[PDB]
Amino acid sequence: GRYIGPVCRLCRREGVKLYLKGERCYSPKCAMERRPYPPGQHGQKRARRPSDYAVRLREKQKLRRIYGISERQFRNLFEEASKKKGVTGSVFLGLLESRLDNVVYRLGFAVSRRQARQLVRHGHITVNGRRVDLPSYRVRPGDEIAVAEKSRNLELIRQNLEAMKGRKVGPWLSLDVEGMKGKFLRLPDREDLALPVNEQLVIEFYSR
Amino acid sequence: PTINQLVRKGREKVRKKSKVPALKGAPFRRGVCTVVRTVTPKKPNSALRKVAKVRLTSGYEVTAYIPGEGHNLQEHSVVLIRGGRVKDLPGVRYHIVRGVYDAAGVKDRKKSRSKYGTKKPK
Amino acid sequence: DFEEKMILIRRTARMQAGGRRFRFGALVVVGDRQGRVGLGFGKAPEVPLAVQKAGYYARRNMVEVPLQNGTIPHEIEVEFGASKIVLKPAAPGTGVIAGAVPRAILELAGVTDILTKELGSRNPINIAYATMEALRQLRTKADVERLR
Amino acid sequence: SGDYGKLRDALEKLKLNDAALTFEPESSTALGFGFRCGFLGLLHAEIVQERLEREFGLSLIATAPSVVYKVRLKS
Amino acid sequence: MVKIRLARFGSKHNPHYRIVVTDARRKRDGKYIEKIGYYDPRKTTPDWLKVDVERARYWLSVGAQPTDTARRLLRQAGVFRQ
Amino acid sequence: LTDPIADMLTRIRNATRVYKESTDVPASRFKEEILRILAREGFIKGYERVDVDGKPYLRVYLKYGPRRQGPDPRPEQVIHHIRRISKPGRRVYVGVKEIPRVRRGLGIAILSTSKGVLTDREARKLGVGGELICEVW
Amino acid sequence: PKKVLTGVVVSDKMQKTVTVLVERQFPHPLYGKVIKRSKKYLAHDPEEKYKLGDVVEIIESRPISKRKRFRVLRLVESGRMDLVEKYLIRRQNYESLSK
RNA sequence: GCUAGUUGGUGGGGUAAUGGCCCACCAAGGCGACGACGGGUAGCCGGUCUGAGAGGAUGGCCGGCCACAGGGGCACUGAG
RNA sequence: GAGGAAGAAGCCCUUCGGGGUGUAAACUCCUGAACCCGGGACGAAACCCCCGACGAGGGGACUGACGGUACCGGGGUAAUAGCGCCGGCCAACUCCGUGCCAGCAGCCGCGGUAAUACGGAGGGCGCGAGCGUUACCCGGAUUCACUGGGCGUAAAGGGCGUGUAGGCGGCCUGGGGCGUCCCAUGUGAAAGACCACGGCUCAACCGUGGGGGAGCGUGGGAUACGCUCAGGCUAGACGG
RNA sequence: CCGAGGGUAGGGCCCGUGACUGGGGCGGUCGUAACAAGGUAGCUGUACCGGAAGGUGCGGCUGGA
Ligand code: SF4
Ligand SMILES: [Mg+2]
Ligand SMILES: [Mg+2]
Ligand SMILES: [Mg+2]
Ligand SMILES: [Mg+2]
Ligand SMILES: [Mg+2]
Ligand SMILES: [Mg+2]
Ligand SMILES: [Mg+2]
Ligand SMILES: [Mg+2]
Ligand SMILES: [Mg+2]
Ligand SMILES: [Mg+2]
Ligand SMILES: [Mg+2]
Ligand SMILES: [Mg+2]
Ligand SMILES: [Mg+2]
Ligand SMILES: [Mg+2]
Ligand SMILES: [Mg+2]
Ligand SMILES: [Mg+2]
Ligand SMILES: [Mg+2]
Ligand SMILES: [Mg+2]
Ligand SMILES: [Mg+2]
Ligand SMILES: [Mg+2]
Ligand SMILES: [Mg+2]
Ligand SMILES: [Mg+2]
Ligand SMILES: [Mg+2]
Ligand SMILES: [Mg+2]
Ligand SMILES: [Mg+2]
Ligand SMILES: [Mg+2]
Ligand SMILES: [Mg+2]
Ligand SMILES: [Mg+2]
Ligand SMILES: [Mg+2]
Ligand SMILES: [Mg+2]
Ligand SMILES: [Mg+2]
Ligand SMILES: [Mg+2]
Ligand SMILES: [Mg+2]
Ligand SMILES: [Mg+2]
Ligand SMILES: [Mg+2]
Ligand SMILES: [Mg+2]
Ligand SMILES: [Mg+2]
Ligand SMILES: [Mg+2]
Ligand SMILES: [Mg+2]
Ligand SMILES: [Mg+2]
Ligand SMILES: [Mg+2]
Ligand SMILES: [Mg+2]
Ligand SMILES: [Mg+2]
Ligand SMILES: [Mg+2]
Ligand SMILES: [Mg+2]
Ligand SMILES: [Mg+2]
Ligand SMILES: [Mg+2]
Ligand SMILES: [Mg+2]
Ligand SMILES: [Mg+2]
Ligand SMILES: [Mg+2]
Ligand SMILES: [Mg+2]
Ligand SMILES: [Mg+2]
Ligand SMILES: [Mg+2]
Ligand SMILES: [Mg+2]
Ligand SMILES: [Mg+2]
Ligand SMILES: [Mg+2]
Ligand SMILES: [Mg+2]
Ligand SMILES: [Mg+2]
Ligand SMILES: [Mg+2]
Ligand SMILES: [Mg+2]
Ligand SMILES: [Mg+2]
Ligand SMILES: [Mg+2]
Ligand SMILES: [Mg+2]
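Protein chains in written order, with PDB author numbering: chain d, 2 to 209; chain l, 5 to 126; chain e, 5 to 152; chain y, 310 to 384; chain p, 1 to 82; chain h, 2 to 138; chain q, 2 to 100.
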């Protein structure tokens, strides 16, 4: 299904913190900051010139990894963007961003991409009052997303949200704190996001 | 050729020849071993290369190859063949599929076991 | 001070009595990614000598390349001997859709969204030059207009 | 001729039955298209051909029978 | 004769009929003469019945013969309201 | 002489690449129609009717470009490219939807229509089509 | 409509009937160029009136005989032996195409 | 290179109805390198797969038409 | 799922210093697929019955295979991972075994005692209830080239004329309007494709709407080019 | 009368096969024709001859001085 397995090793192989694992990412004991080189035996050995296609490969993989998504679901979206009117690097990035599992993370109901999935899955989120437990759910603008009843009062969601007082969630959303709802406002601009990824090489990659 | 030449003589569409006619033209075919020897390959390869003549359900009688280290095949072993040519061995159009019918998988193989039909380790 | 990006290192052979003898060919493109490229092809006894050499020549040979919004301004086919390159402008969501050589030119010429197709003899060295003097023949609506 | 195809099937059906049919195809200058059979005991072999010839009228002669050896050539 | 009937579309456990004029003898989901409205029997939306009253009455007019369920629907779109 | 229109276009193309000021082409009305568009569109200076050894010709006056700097200093041509598109051996008619937009608009396409010999953009404006004659850039 | 064709009478030698040749032009599906093509229609003439050479119109009709389903509508030319000869030429040429 | 019901005529027979559809007489015609005749293969489309596009390849499910009901032939009933 | 060592054991590598699997595990916490428990559908409203007329209109009643299912509410256990690859194309490298053997292979080609190419292991890349193989189609193949190829020497100019069909055809004016172009109109079924929206928690699926187009019938208009007929010309051709 | 079809006879095309017999492709014997003027410049249509490449005549070509 999802990935499940060592997530750190990824961030070495890809060469950057795709923030993938909660509070730790921001420690001085996060994997990157300790040992920022590929997993494995030859992790330390001198690099060879990366092949043209190789470059495009990691890039596609850097992105996908960030959203912990199956390469099937991934490519399906990517095709949707092409058929869609607009900038494909861009619209890809947003069609990707409208993911319910993601929106929960973006609202900080959960600490991490990964975690967001489990919340959504055990129906802790609800879109527009009605409950939703598909993490693929495509959030439209003006969807009201929130924890609902029997978990609003839960050790975790409180903790993450307690910790959500004095931070500002990103420009394309909104957040009724401790009420525990947020609003998808509008689909993001490529430049609101500031992922370490070059949406263009991905496009390039699905060309060959 | 002038356009008039094209109207007159058309362009001739290509057409292709099967490298695999004995399969006739199924994805696999079953057969019965008539001979089971080793063959030497052409230069510059040197080996004692395992091979089996086969009589296919399709009618044809063809010769096929036994991939993997060691085989329990012998005459009248009934086996199925898949398309696949050996470059070294002239006239071996096909491959014999391990792990099917009278053909035991390679015993004790730990890698690429879906090729060579070996069931997974305890 | 530009970027550069070797596209072809290759070895070749002479022949003296009692031995073949070697020489090396590097075919580097160099560019500022803003709209100035320049292809150079240098050769020398050792590899990196032949790569530095390539660099030098390269800069001594840059090119205009207009950039009507990250794409080129009009579709064009040039054909340096037997090899034919075909460039073609494209929408912004497109990316560089190109052979692995002509992309190294386009990339460093700052091109971002274009279509190519290599036709004819697909020798890199040729396809590279074919490409250079194919960019070289681009003109803007203005560029034209002044000509009539 | 005799009836190589008609013989071989006869093996096939018996061969389905039993071990000692028990055929790897073979050929010798005495007769065409002759095959080897080993029979667990002498009697099976004697039953099986006999069955063949009375039943199917494939009246034939079988050479035999073979004991198996531990030859260790000096070379 | 020629009739007005529910022709079934939609999917399994999700019907959506296309109330339709069609000769008796056709298989139901076959070429009909003219679609004259739809009828979602589960009512999953505002519009879930939509006879084209004008045509319905023409067809009716010249001796097409509605089903029972097809007659019952036409009512609810006023076909017979005099 | 099978195609006097190719013949003209050819005369022209040939001429320019040697850098001549003019070249005579045997005169026909239709040809003047092309020359009309060619100068109006700026690919030539213009033309005039004339005469050589008795029989009517057509003198076509040739634009080029500024000199160039470096080795090989020959001027850019104003007519870079000019070929027929409707040989007699192969008549090409095009509908209004189908009128080719040449070179991204940097160049033109003449075409006899029944409202007259127009440019592509004229033909698109009046909203007609017909025999695609040639293309220039 | 019914159907109106135009074309050379390229033979009688039948009773009440005229073999009429009919040309048609159209472009090559793929090669675009224009080609002509042709076909004889046996046409009805109750009054063995229409002689050879003629250019006539013939019209879709109800079956008069197996393979004769057009009447002659009206004459529109005459003496076009030039055409008729072009057919009798292509008919004559054929004995050189055998083996 | 093919054709004697073969191609047209007339008058009958037949059908819901045109027609060598079938029958008698009459004329010598009809078709073909724009590929007749013979041979091979195939159910045909809406569609479908691929492809930048032209194109190529394909006709399973579904919808339309066709054809067959062990291999052949025949008619009966009947609006069919 | 969040946390969790400058980092356990094991196994792999090592220049015997150390590296690696690896936040991975252990482990602390909370969430709770599965299961148990409870309630439980839409699809079904007509023919029928009543008022009124056996009409419109209004009212009332019968009927569920799927199914005690979906779904809802409560309770609730940390709960399957596999497969292909790791010389080059092509993302991913070390040791050991084997010694032109065994074997690998699509193609280059590997293997004849230090094999990143065989077999295993560690490590790595890919994809994941799948991952590979065979078969076949299009693709890459502008490698039948209409778009979009060629024939001095690479395959390719007929040994040479003559000329039948057919292809193609100069300058000007006029009539026709066949081609060609334009407009209206009929047709181009539904399903599919495409755009938008809506319905099943999403999607797949489905519903509703929208635009498509070639084509072909009919009517109306255009006249440059191609055709056809008529007149005229001398730059092509023929003749004195 | 026609008529499924069965039977008689004579043909035509296809496939399988056959003592033997050509050649063809892939893995020691005789020479040494070609590739350097290849030790007689080569090639070539043709004829005759020869174990074998090949030689020779007639004419041609340069892709030979
Ligand atoms: S970011 Fe979070 S996940 Fe990525 S390496 Fe640093 S710690 Fe591990
Ligand atoms: Mg693609
Ligand atoms: Mg060897
Ligand atoms: Mg060798
Ligand atoms: Mg394995
Ligand atoms: Mg410039
Ligand atoms: Mg060229
Ligand atoms: Mg008649
Ligand atoms: Mg008769
Ligand atoms: Mg007679
Ligand atoms: Mg024809
Ligand atoms: Mg069939
Ligand atoms: Mg099929
Ligand atoms: Mg069907
Ligand atoms: Mg029957
Ligand atoms: Mg029967
Ligand atoms: Mg039958
Ligand atoms: Mg009845
Ligand atoms: Mg440490
Ligand atoms: Mg340890
Ligand atoms: Mg350890
Ligand atoms: Mg250690
Ligand atoms: Mg963890
Ligand atoms: Mg554990
Ligand atoms: Mg229950
Ligand atoms: Mg119900
Ligand atoms: Mg793989
Ligand atoms: Mg690699
Ligand atoms: Mg392997
Ligand atoms: Mg070793
Ligand atoms: Mg390999
Ligand atoms: Mg290995
Ligand atoms: Mg799945
Ligand atoms: Mg292919
Ligand atoms: Mg490609
Ligand atoms: Mg192609
Ligand atoms: Mg292509
Ligand atoms: Mg080829
Ligand atoms: Mg072409
Ligand atoms: Mg070529
Ligand atoms: Mg010649
Ligand atoms: Mg010859
Ligand atoms: Mg000859
Ligand atoms: Mg001639
Ligand atoms: Mg002629
Ligand atoms: Mg003509
Ligand atoms: Mg003309
Ligand atoms: Mg017209
Ligand atoms: Mg449709
Ligand atoms: Mg629709
Ligand atoms: Mg005249
Ligand atoms: Mg008979
Ligand atoms: Mg008979
Ligand atoms: Mg009988
Ligand atoms: Mg034979
Ligand atoms: Mg034979
Ligand atoms: Mg010699
Ligand atoms: Mg010699
Ligand atoms: Mg010599
Ligand atoms: Mg000698
Ligand atoms: Mg000679
Ligand atoms: Mg001798
Ligand atoms: Mg001699
Ligand atoms: Mg001589």
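For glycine and all other residues, C-beta sits at the position ideal for the given N, C-alpha and C.
| Query | Result |
| --- | --- |
| Where d/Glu205 meets chain e, residues with beta-carbon distance less than 7 Å | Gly99, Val100 |
| Euclidean distance between Cα positions of d/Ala82 and h/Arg37 | 47 Å |
| Distance CB(q/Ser39)-CB(q/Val23) smaller than 8 Å | yes |
| Straight-line Cα distance separating h/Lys32 from h/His81 | 20 Å |
| Identity of the residue in d/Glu192, d/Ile146, d/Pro142 nearest d/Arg131 by Cα | d/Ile146 |
| DSSP bridge partner residues for l/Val40 (one or two, in chain order) | l/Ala56 |
| Near-chain e residues of the stretch 60-78 of chain h (beta-carbon distance less than 8 Å), N- to C-terminal order | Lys64, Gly66, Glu77 |
| For d/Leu186 and d/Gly95, believed in contact at Cβ under 8 Å, the rounded distance | So it is not a contact: roughly 12 Å between Cβ atoms. |
| Rounded straight-line distance, which links the Cα of p/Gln76 to that of p/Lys3 | 18 Å |
| Spatially closest choice to e/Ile118 from e/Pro128, e/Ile109, e/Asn130, by CA coordinates | e/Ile109 |
| Helix, strand or coil at residue 136 of chain l [DSSP, three-state] | Examination of residue 136 of chain l is not possible in this model, given that chain l is present from 5 through 126 alone. |
| Endpoints, the beta strand (DSSP E) within which q/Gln26 is located | 18-28 |
| Host alpha helix (DSSP H) of y/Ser375 (start-end) | Per DSSP, y/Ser375 belongs to no alpha helix (DSSP H) and is neither H nor E. |
| p/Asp23, DSSP secondary structure in three states | strand |
| y/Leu340 versus y/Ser310, y/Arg360, y/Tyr378, y/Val377, residue with shortest Cα-Cα distance | y/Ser310 |
| Residue-chain proximity (e/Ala104, chain d), Cβ-Cβ < 8 Å | yes |
| 6 Å CB neighbourhood of h/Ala16 in its chain, flanking five on each side removed | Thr24 |
| Minimum Cβ-Cβ distance from h/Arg37 to chain q less than 8 Å | no |
| Nearest to d/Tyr54 (by Cα), restricted to the options e/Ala102, e/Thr144, e/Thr116, e/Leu123 | e/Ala102 |
| Boundaries of the beta strand (DSSP E) in which q/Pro64 is found, first to last residue | 56-66 |
| Limits of the beta strand (DSSP E) - the one that h/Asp25 falls within | 23-27 |
| Assigned exposure category for e/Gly46 - 16 Cβ within 10 Å defines buried | buried |
| Contact with chain e by d/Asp53, beta-carbon distance below 8 Å | yes |
| Boundaries (first-last residue) of the alpha helix (DSSP H) holding p/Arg28 | Counting along the chain, p/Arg28 falls outside any alpha helix (DSSP H), and DSSP gives it neither H nor E. |
| Closest residue to d/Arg141 among d/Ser99, d/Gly124, d/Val121 (Cα-Cα distance) | d/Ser99 |
| Cβ contact check for the stretch 65-85 of chain q and the stretch 124-131 of chain h: 3 or more pairs under 8 Å | no |
| Near ligand 11: q/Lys40 beta-carbon under 7 Å from a heavy atom | yes |
| Interface partners of l/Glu79 on chain y, CB under 9 Å | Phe332, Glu333, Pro334 |
| Chain e contact for d/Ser113 (CB, 8 Å cutoff) | no |
| DSSP state of p/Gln65 mapped onto helix, strand, coil | strand |
| Within 8 Å of chain y by C-beta, residues of the stretch 41-59 of chain l in sequence order | none |
| Top-ranked residue by Cα proximity to h/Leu112, from h/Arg105, h/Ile100, h/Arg104, h/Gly106 | h/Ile100 |
| Between the CA atoms of q/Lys41 and l/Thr67 - distance to the nearest angstrom | 59 Å |
| Closest by C-alpha distance to d/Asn129, when choosing among d/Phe206, d/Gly183, d/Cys26 | d/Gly183 |
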